[PDB]
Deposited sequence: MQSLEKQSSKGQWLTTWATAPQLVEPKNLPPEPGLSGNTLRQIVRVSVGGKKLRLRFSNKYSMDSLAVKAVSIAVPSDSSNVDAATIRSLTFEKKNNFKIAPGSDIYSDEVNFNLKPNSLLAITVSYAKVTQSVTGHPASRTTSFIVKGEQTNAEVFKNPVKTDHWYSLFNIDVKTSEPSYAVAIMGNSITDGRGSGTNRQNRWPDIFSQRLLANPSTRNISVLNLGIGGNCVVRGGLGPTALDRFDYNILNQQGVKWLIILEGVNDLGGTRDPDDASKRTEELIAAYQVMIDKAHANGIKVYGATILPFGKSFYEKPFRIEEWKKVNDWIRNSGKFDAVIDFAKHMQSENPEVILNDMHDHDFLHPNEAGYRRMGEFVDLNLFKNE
């Protein structure tokens, strides 16, 4: 069997305001819920400490099928091991995969990942915009069926990705983006970001049954410089080339590169740098056997449009995506729009993606 990454999130350094509420992670247990795409019977999970400056010390990890919110089906709970060990402690900047574990993972299903921490500092790697409630209880409760009075926090910590073993040809679509991809305005706990809607359509169609979708969106992200979280260029290798089975990359990013410009000259400079960055990413993906699909968008909100040079430059970017011939194909969301992000808009976007782009090889 070969590994395929079925779920991912893009890690970053957690800002102070996005650290969990009391009692905190230190010495406590955190239960987190994710939606997988392709299913299977043998799994492994990777945890990331990539952006922290302190060690990540974990006493135990389990996986289970959720029942309702913070509870799990007790008969499904399985412990992870790390080179046989219950626990791990990994250096600043490192990550770790669990050993393989037998686990019946249904496609398009929710998985509860429960982590019991040792000492945790204020320097933590995670994904704040989870769009999903996580649950904290005191002490070591990795295998507790029912969490009593858990503290709720709508953030993810430590997670990176889940891989499944496959026997049939199976491949992943990775999606690099900002908050439009990460799911701003999607429904909390609903797992209804546009990549989830697209993922469900792949799984419901026989010719794309073995195609997973990896959400590498980060809210506020920029491609070239600035923004929130590591830039797309800086996280490209770690997020896109570091998974299992990636065959396609969708790029939906760049608006924030222009949204922060304050004069027309800087807007022009950031537009040129963004177009150069697209080519660097296309070339890197091609070198690794990955096709790249460029996605257009119209900027959301009013703050982008209060200075007119921004939209005039953004129209040039959309035109380059459409007409430069550098992308292997184009997903023209902007044109479809013209025919604030929210759940209905993500349903529309997810239904628009052409499944025929995910069928060759």
Provide the list of deposited-sequence positions lacking C-alpha coordinates, grouped into contiguous ranges. 1 to 10, 350 to 365
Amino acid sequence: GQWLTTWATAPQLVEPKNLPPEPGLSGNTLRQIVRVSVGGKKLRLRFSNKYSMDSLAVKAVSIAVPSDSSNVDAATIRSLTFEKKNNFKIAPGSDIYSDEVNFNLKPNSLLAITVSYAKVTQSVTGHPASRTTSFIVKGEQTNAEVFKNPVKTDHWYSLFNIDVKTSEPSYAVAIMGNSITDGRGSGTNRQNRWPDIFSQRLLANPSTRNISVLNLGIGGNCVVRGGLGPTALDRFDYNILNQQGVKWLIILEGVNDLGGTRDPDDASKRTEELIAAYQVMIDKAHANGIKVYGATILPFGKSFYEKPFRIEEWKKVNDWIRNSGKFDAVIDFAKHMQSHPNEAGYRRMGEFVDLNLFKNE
From here on, numbers count along this sequence of modelled residues.
Select between 319 to 327 and 306 to 314 the stretch whose C-alpha atoms have the higher average B-factor in the entry. 306 to 314
Stretch with the greater mean C-alpha B-factor as recorded in the entry, comparing 294 to 302 against 58 to 66: 294 to 302
Check the PDB entry and point out which of 193, 106, 165, 262 has the largest C-alpha temperature factor. 262
Looking at 32, 37, 48, 26, which has the highest Cα B-factor in the entry? 26
For residue 182, the third of its chain into which the C-alpha B factor falls: middle
For the chain shown, is the CA B-factor of residue 349 in the lowest, middle or highest third of its modelled residues? middle
Can you tell me whether residue 227 has a C-alpha B-factor in the lowest, middle or highest third compared with the other modelled residues of the same chain? highest
Comparing residue 139 with the other modelled residues of its chain, is its CA B-factor in the lowest, middle or highest third? highest
By its CA B factor, does residue 94 count among the lowest, middle or highest third of the modelled residues in the chain? highest
